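Naming convention: chains lettered A, B, ... in sequence-line order (proteins, then strands); numbering from 1 in each chain.
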Amino acid sequence: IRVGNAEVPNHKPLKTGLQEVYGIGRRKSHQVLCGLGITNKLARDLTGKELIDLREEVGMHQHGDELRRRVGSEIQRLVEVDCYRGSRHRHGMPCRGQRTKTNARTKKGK
Amino acid sequence: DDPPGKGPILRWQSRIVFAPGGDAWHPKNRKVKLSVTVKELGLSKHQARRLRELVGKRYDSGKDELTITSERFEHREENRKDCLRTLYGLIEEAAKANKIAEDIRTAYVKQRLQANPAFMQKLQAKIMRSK
Amino acid sequence: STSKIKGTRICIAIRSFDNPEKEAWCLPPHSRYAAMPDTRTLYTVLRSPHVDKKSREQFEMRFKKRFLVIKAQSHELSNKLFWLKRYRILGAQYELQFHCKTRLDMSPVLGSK
Amino acid sequence: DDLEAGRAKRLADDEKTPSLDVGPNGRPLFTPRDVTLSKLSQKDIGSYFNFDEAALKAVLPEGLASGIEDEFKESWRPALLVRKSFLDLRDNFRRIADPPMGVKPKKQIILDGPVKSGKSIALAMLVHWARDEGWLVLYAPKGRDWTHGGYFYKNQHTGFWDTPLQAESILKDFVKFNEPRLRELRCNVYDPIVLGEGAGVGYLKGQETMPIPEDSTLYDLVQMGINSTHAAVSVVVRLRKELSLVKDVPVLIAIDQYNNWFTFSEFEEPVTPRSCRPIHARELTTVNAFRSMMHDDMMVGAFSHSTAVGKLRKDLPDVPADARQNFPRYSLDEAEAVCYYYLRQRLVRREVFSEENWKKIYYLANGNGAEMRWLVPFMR
Amino acid sequence: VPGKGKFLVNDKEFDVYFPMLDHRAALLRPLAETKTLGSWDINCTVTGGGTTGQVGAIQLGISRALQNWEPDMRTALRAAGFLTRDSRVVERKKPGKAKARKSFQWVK
Amino acid sequence: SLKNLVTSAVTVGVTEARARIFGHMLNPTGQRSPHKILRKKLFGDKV
Amino acid sequence: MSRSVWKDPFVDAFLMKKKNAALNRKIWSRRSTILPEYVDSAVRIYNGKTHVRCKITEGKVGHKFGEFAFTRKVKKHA
Amino acid sequence: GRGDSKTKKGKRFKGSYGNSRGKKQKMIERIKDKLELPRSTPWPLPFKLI
Amino acid sequence: XXXXXXXXXXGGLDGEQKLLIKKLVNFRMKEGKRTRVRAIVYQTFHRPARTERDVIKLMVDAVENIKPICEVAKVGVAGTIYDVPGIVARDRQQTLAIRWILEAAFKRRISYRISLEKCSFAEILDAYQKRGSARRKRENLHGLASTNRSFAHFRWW
RNA sequence: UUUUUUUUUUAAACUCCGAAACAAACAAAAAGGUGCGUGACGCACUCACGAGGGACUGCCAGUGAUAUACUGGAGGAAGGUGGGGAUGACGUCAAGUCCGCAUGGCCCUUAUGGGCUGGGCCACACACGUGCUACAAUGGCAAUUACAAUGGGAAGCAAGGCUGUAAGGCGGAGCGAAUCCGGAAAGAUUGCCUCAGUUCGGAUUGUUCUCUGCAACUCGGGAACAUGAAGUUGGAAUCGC
Ligand SMILES: Nc1ncnc2c1ncn2[C@@H]1O[C@H](COP(=O)(O)OP(=O)(O)OP(=O)(O)O)[C@@H](O)[C@H]1O
Ligand SMILES: [K+]
Ligand SMILES: [K+]
Ligand SMILES: [K+]
Ligand SMILES: [Mg+2]
Ligand SMILES: [Mg+2]
Ligand SMILES: [Mg+2]
Ligand SMILES: [Mg+2]
Ligand SMILES: [Mg+2]
Ligand SMILES: [Mg+2]
Ligand SMILES: [Mg+2]
Ligand SMILES: [Mg+2]
Ligand SMILES: [Mg+2]
Ligand SMILES: [Mg+2]
Ligand SMILES: [Mg+2]
Ligand SMILES: [Mg+2]
Ligand SMILES: [Mg+2]
Ligand SMILES: [Mg+2]
Ligand SMILES: [Mg+2]
Ligand SMILES: [Mg+2]
Ligand SMILES: [Mg+2]
Ligand SMILES: [Mg+2]
Ligand SMILES: [Mg+2]
């Protein structure tokens, strides 16, 4: 089922499968399913009215490709204002005060 | 043995620290505790309940003992004064529970008398006969 | 009777780095004698003034406390207090508790009942 | 599969000789076959009531209790122990049902006690005796099922929380044995049944109520609740109200795992965009219809400690103060009868049976039936 | 005290305080070595340590009380080692080491 | 019932009386206050 | 209330009296916050050695002054 | 999951509290709601728990 | 006595049987966590104990079929490493047999992915009819001992 | 359940008389179930504190040079150094420390001295050492339910209670403390997950906040939600017990 801007698997339970949506994690999936009056069920076992209700509940949260574009535009705003975090983002460097002497391997490569 | 004269028995506590070296001040000097049995105050049940609500956990139900400790003043005699002033204030506020009970009891009786179809005719006759 | 003294009394708490039983002649006369559990504070310092981190010397500061109960009456309290202010317990700081009883004057609160 | 085969052949060879059916001190181990559960007296205490598993599942179509299933899977025999506590409970409800021509009987009883003392088996045997006497019994062997799983929707009229799938399961479990009796019992309430939210389908369009036909019986009401998912909760509530108005047969409500109705349920309510609030079991419509004991119906609710309910108040809400009753564990004589039974059913070897050994097992288990049945194979 | 097999731990029944079966077996072993099961009403108070330490302490107290009731029972209790106090306690951590005995990683 | 009203009405109004007797600080809305920094000891001379 | 942060953003005391008149000259105060009234002004922010020139725009409001004057030279290995 | 700050183990590792760990007030509120009591009931409760 | 207090309380054992139970419980205990492994061993005991028969004697006979009479050791002579056969002591025989049984059971769990009690009972049953991976390990060790039997008298122990 | 034999005992309260008509339970006394305590007696017991005893191959048997010893055994809480600590010879490494301090000599004296603000000691193609968290089912998570010891507390610890999803905010029962003050976790019970780069693992990053502080940009701690790297047990080699 296409929920938000992602494919929720049919064979998985919905509380696990709703976390495939960008912007929805473990807490928000439980919150949305609590708003639907559902404990847990398979995604293919949803009724139609449950699908309109599910797409309405996810719509109350910023999610999907517009949230991805918002995060990208915030990072690009930091880059284009040329603050210190923007210079760390542009140079491929950690921007939360971590050391670069030994352990910046995630921000760098292998 | 018990104290002289008459009245409920107070039970004071005081501490003196004898530190060497000519600097006699210590943080334990000023604290004064006063204890009393609530049953010896002659309060009613409503007054005792209002006292228990005002006091909270300074009252111990197993010993029926009210303990007031004062440490917020700089000297021992000021805290000894403050304990007794607090005791008089708590007794003065707890004594008001009789008037509240009387007021709501007569309010209950008057509200119930209005829910009676045989009383209003006599009441109206008595307030018309004298105007 | 071995029961607890619960009345007018003077309680003495003596705190020292040494045992007061070493000099028991300077203790005030008492009705009961009790001891608190010992309390220590551990200090671990480096032995060298420069880099020898695995070499440590450990010190302690052990606290000792004793409790003394003196049964008294209300009239013999200031007389006992005068001499208690002038004692000399060897290497110690002593602590006087006073438990005294008065009677409550209910004449300004009897009207409010 | 040859491990169980030898014991199966030995047990098949044991039943041909009736002299092996012995208990402590030469007593007969089993009750006579002519005796039913209504004919059990004090001379049958310590003996064994043989069942037929097909007949037992016919009398109890809601499902056997897990303790009964465990004991039957370990003993390889459909038999249960006749204890004094079960006879006392049966005599209590018998004196309530009909007074004989100063011990005051209690209409509402909560079976409490230590864990694995035999509360579920006593409740199931009580339901078997009541259905042997032809009583209208609503039996819930898994009361935790009423508060866990499925869907939950908030009622727009009463404020409670509706569970439609559990309601239709309750109705099906009731009708599975009470189909012959509910056809002959007329409804005494003729108000229309208010429709609610269905299981994943929302409200029914255009229809708010289902009227009750004049000739409709209790079977028709139960089938109305079963067939429609928008009315199952309201039909459960109406069935609770109708069970108090039945005057032809005695009505018994038997709820196992009864302490799950005094704790939280599985369901949570979003009360804040960042928070969820757990919903108590007392807020469920079926439980709120069925939990209370402040009435005049014969209701028995057995607690369970294997489920992780935890600690509740000694003074339970909506319960009379004298309703709680202590169901004890095995005594010495019951433990001796149980160990001789396990010797008969070949759970232990004959060469390693002694008084000291079973007394060791009894004092180690402290009367725990499951631990005792687990410790008999380890007897040397 | 002589009785019918009662066993209370901290004003609770002992299968509630010690629900594990091996703890109760270790508790009831000194009674089974002297063949006096079901003849005692034992009330005990235990504090400190963990569960197996409390079980061992109650076992030692039971053995000592059984010896105090009848000194002729000492032979079976001394043969099983129940009257020996287990003196093994937690060894203190030493400075310059990670634990009591475990050292820091040494560069070769 | 009358008994519940009697037991309930005698314990009302005791918040302001308690704060007056014991000299407490009353902050019913619970906003940030300078009370917590003005209730600690000055330590400047000690240092 | 309307405020989402209970604490005011920090500004040094020399910027609190003459306001934008202090922002046409050298600034050592990297810990101050760039206010919305500081837009369309040019500042020279000390980085430790030199005063780095910065032009205040709309996107610099709410940042510290020291975020636009880097203190360590971006460095390369031979 | 001792390194995961969104879990109870990680918050215990960091010595902090939150939604996953919760202070003792959360236990007090949960046991007051479980026993069907008002939240103004003083702790410890004046009831016997069995 | 510290391990399997239930078996010691219902004591009809000897020293070898108690040591076998203690080694079966203790060999796969990690991080000082006994209860789960002991429960697995208890259920493995319980599976044939509910069908009459003596499980303790069965496991004594099962360990005996895995006990290695001879083992091999690595001895370096003149810069070239040899393989010297040697005699296995009885405690080491029991330890090696129980170690091989537990290795076979846990590798069977990681291969077939069923309950560990099932794998333990299956491998002890395979040991009871002189087959299975533990019997193959014993056969391989005996073959390695008999193959390098000419390198004996290089022994030192 | 009855048959006897032997010994003791015979104003209150009615369903009665007289009333109330408004429910009450009221200034204490008057009933039945309970929950949490307390006093008196004590200090048997645990524990605390002071002083002691006990273990010395003392006894027995054997091997052996009858010696010193060694191997077992009894008794005992403990047996052979009972466990652990402290205690560290002559000298060696011209070992380390003039940047803890003190010191001989040399050197600076509008500076190599003193102050402030700002920066740096937190950089980053890489290499090495010490750790933490993991790669999972001998597990992850949720609910329920148990059991510690060491220490700390006035620039403080802060019970109950109110507010916030939370970190926090308000307020303050007691405590300068064997008195008062902080849910031990693994464990166990129940349930979900079912071998997946996953309900494993939480790096990186965004947004919104909060605490401390004159001040959190470089460069602090913490919360909420989201983001979801590598990693599927590690070569030669090497560490601890
Ligand atoms: N009358 C009986 N006849 C035979 N076995 C019995 C009897 N009563 C109890 N048992 C044994 O004790 C076990 C526990 O019984 P049961 O399941 O009824 O316990 P419970 O008291 O309801 O406990 P729980 O707190 O776990 O719900 C049974 O599985 C069975 O082995
Ligand atoms: K850095
Ligand atoms: K010695
Ligand atoms: K910062
Ligand atoms: Mg202290
Ligand atoms: Mg049950
Ligand atoms: Mg340790
Ligand atoms: Mg220690
Ligand atoms: Mg995780
Ligand atoms: Mg609090
Ligand atoms: Mg709250
Ligand atoms: Mg004594
Ligand atoms: Mg010896
Ligand atoms: Mg040198
Ligand atoms: Mg050097
Ligand atoms: Mg400076
Ligand atoms: Mg105060
Ligand atoms: Mg766990
Ligand atoms: Mg489990
Ligand atoms: Mg994951
Ligand atoms: Mg911050
Ligand atoms: Mg990978
Ligand atoms: Mg894997």
Original post:
Which part of the nucleic acid, if any, lies within reach of H:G22 when heavy atoms closer than 4.0 Å are counted: base, sugar-phosphate only, or nothing?
Top reply: base
**OP:** Classify the nucleic acid contact of I:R109 as base, sugar-phosphate or nothing, counting any heavy atom under 4.0 Å across all strands shown.
**Re:** sugar-phosphate
Original post:
Would J:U6 and J:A154 pass as a Watson-Crick or G-U wobble pair if both distances have to be under 3.5 angstrom?
Top reply: no
Original post:
Would J:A166 and J:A167 pass the stacking test, six-membered ring centres less than 5.5 Å apart and planes less than 30 degrees?
Top reply: yes
**OP:** With syn defined as a glycosidic angle within 90° of 0 and anti as everything else, classify J:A125.
**Re:** syn
Original post:
With a 4.0 Å cut-off on heavy atoms, is C:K53 in touch with a base, just the backbone sugar-phosphate, or nothing at all?
Top reply: nothing
Original post:
Using a cut-off of 4.0 Å on non-hydrogen atoms, how would the nucleic acid contact of E:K99 be classed: base, sugar-phosphate, or nothing?
Top reply: nothing
**OP:** Could you work out the separation of J:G153 and J:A224 based on their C1' atoms and round it to a whole Å?
**Re:** 32 Å
**OP:** Report the residue (G:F65 or H:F47) whose heavy-atom-nearest nucleotide on RNA chain J is the more 5′ of the two.
**Re:** H:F47
Original post:
Are J:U63 and J:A69 base-paired in the Watson-Crick or G-U wobble sense, both distances less than 3.5 Å?
Top reply: yes
Original post:
Syn or anti for J:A159, with syn set at within 90° of 0?
Top reply: syn
Original post:
Do the six-ring planes of J:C122 and J:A123 sit under 30° apart with centres under 5.5 Å?
Top reply: no
**OP:** Test the consecutive nucleotides J:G91 and J:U92 for base stacking (six-membered ring centres under 5.5 Å, planes under 30 degrees) and report the result as yes or no.
**Re:** yes
Original post:
Reckon I:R28 touches a base, only the sugar-phosphate, or nothing at all at heavy-atom distances under 4.0 Å?
Top reply: base
Original post:
Do we see a donor-acceptor contact under 3.5 Å between the side chains of A:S29 and A:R26?
Top reply: no
Subject >> Pair present between J:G72 and J:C209, Watson-Crick or G-U, 3.5 Å cut-off >> reply: no
Subject >> Pairwise side-chain contact, C:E21 with C:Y33, heavy-atom cut-off 4.5 Å (strictly under) >> reply: yes
**OP:** Give a yes or no on whether a salt bridge exists between E:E91 and E:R101, defined as a side-chain N under 4.0 angstrom from a carboxylate O.
**Re:** yes
Original post:
Can J:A77 and J:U207 be counted as a Watson-Crick or G-U wobble pair, both distances below 3.5 Å?
Top reply: no
**OP:** On RNA chain J, reading 5' to 3', which nucleotide is the first and which the last to sit with an atom under 4.0 Å from a heavy atom of chain E, could you check?
**Re:** J:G76 to J:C241
Original post:
Distance between the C1' atoms of J:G72 and J:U57, in whole angstroms?
Top reply: 13 Å
**OP:** Run the salt-bridge test on H:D4 and H:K6 with the 4.0 Å N-O cut-off and return the result as yes or no.
**Re:** no
**OP:** Just call it for G:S4: base, sugar-phosphate, or nothing, with non-hydrogen atoms closer than 4.0 Å on any strand.
**Re:** sugar-phosphate
Original post:
Under the rule that ring centres be under 5.5 Å apart and planes under 30 degrees, are J:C70 and J:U71 stacked?
Top reply: yes
Original post:
Would J:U117 and J:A142 pass as a Watson-Crick or G-U wobble pair if both distances have to be under 3.5 angstrom?
Top reply: no
**OP:** Would you mind checking if B:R30 and B:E71 are paired as a salt bridge, meaning a charged N to carboxylate O distance below 4.0 Å?
**Re:** yes
Original post:
Relative to G:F65, does G:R30 satisfy both conditions: NZ or CZ under 6.0 angstrom from the six-membered ring centre, and within 45 degrees of the ring's axis?
Top reply: no
Original post:
Can J:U9 and J:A28 be counted as paired, Watson-Crick or G-U wobble, both distances less than 3.5 Å?
Top reply: no
**OP:** Determine the Euclidean distance between corresponding P atoms of J:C135 and J:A196; express it in Å to zero decimal places.
**Re:** 15 Å
**OP:** Can you figure out if J:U112 has a north or south sugar, judging by whether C1'-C2'-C3'-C4' is positive or negative?
**Re:** south
Original post:
Tell me, do F:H24 and F:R18 make a side-chain contact under 4.5 Å, heavy atoms counted?
Top reply: yes
**OP:** Indicate, with a heavy-atom threshold strictly under 4.0 Å, whether I:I40 touches base, sugar-phosphate, or nothing.
**Re:** nothing
Original post:
If we call it a pair only when both distances are under 3.5 Å in a Watson-Crick or G-U wobble match, what pairs with J:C47?
Top reply: none
Original post:
On a whole-Å scale, what distance lies between the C1' atoms belonging to J:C181 and J:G156?
Top reply: 11 Å
**OP:** Identify whether the glycosidic angle of J:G183 places it syn (within 90° of 0) or anti.
**Re:** syn
Subject >> J:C193 and J:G206, which share atom name P, separated by this distance in whole Å >> reply: 37 Å
Original post:
For A:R88, which contact category applies under a 4.0 Å heavy-atom criterion: base, sugar-phosphate, or nothing?
Top reply: sugar-phosphate
Original post:
How do C:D38 and F:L26 order along RNA chain J: which one's closest nucleotide is nearer the 5' end?
Top reply: C:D38
Original post:
Mind checking if J:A143 and J:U144 stack, meaning centres of the six-membered rings less than 5.5 Å apart and planes less than 30° off?
Top reply: yes
Subject >> G-U wobble or Watson-Crick pair formed by J:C193 and J:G139 (both under 3.5 Å) >> reply: yes
**OP:** For A:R96, answer base if it contacts any base atom (sugar-phosphate contacts may also be present), sugar-phosphate if it contacts only those atoms, and nothing otherwise; contact means non-hydrogen atoms under 4.0 Å.
**Re:** base
Subject >> Spacing of the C1' atoms in J:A136 and J:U232 (rounded, Å) >> reply: 9 Å
Original post:
So what does A:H89 hit on the nucleic acid, given a heavy-atom distance under 4.0 Å: a base, only sugar-phosphate, or nothing?
Top reply: sugar-phosphate
Original post:
Within the structure shown, what part of the strands sits under 4.0 Å from G:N47 by heavy-atom distance: base, sugar-phosphate, or nothing?
Top reply: sugar-phosphate
Subject >> For J:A196, glycosidic torsion class - syn if within 90° of 0, otherwise anti >> reply: syn
**OP:** Looking at every strand, decide which applies to E:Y17 at a 4.0 Å heavy-atom threshold: base, sugar-phosphate, or nothing.
**Re:** sugar-phosphate
Original post:
Any cation-pi pair here, I:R28 with I:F106, using under 6.0 Å and within 45°?
Top reply: yes
Residues 68-78 of chain G side chain polar contacts: donor-acceptor under 3.5 Å, at least two apart:
unit_1	atom_1	unit_2	atom_2	d
G:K75	NZ	G:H77	NE2	2.9

Original post:
Would you say the side chain of C:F67 lies within less than 4.5 Å of the side chain of C:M36, judging by non-hydrogen atoms?
Top reply: yes
Original post:
Should J:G62 and J:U87 count as paired, given that a pair must be Watson-Crick or G-U wobble and both distances must be under 3.5 Å?
Top reply: no
**OP:** Enter syn or anti for the glycosidic conformation of J:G201, syn applying to angles within 90° of 0.
**Re:** anti
Mind listing the side-chain donor-acceptor pairs of residues 18-26 of chain H below 3.5 Å, one per line with the distance, residues two or more places apart or on another chain?
unit_1	atom_1	unit_2	atom_2	d
H:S20	OG	H:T7	O	3.2
H:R21	NH1	H:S16	O	2.6

Original post:
When you compare J:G140 with J:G235, how far apart are their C1' atoms, in angstrom units rounded to a whole number?
Top reply: 32 Å
**OP:** Select base, sugar-phosphate, or nothing to describe what H:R30 touches, counting heavy atoms under 4.0 Å on all strands.
**Re:** sugar-phosphate
Original post:
When the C1' atoms of J:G176 and J:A158 are considered, how many whole Å apart are they?
Top reply: 14 Å
**OP:** Please work out if A:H61 contacts a base, only the sugar-phosphate, or nothing of the nucleic acid, heavy-atom cut-off 4.0 Å.
**Re:** nothing
Subject >> Stepwise side-chain contact (heavy atoms from CB on, under 4.5 Å) test for E:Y17 and E:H23 >> reply: CA-CA 10 Å; E:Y17 198 93; E:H23 294 146; over 6 Å; no
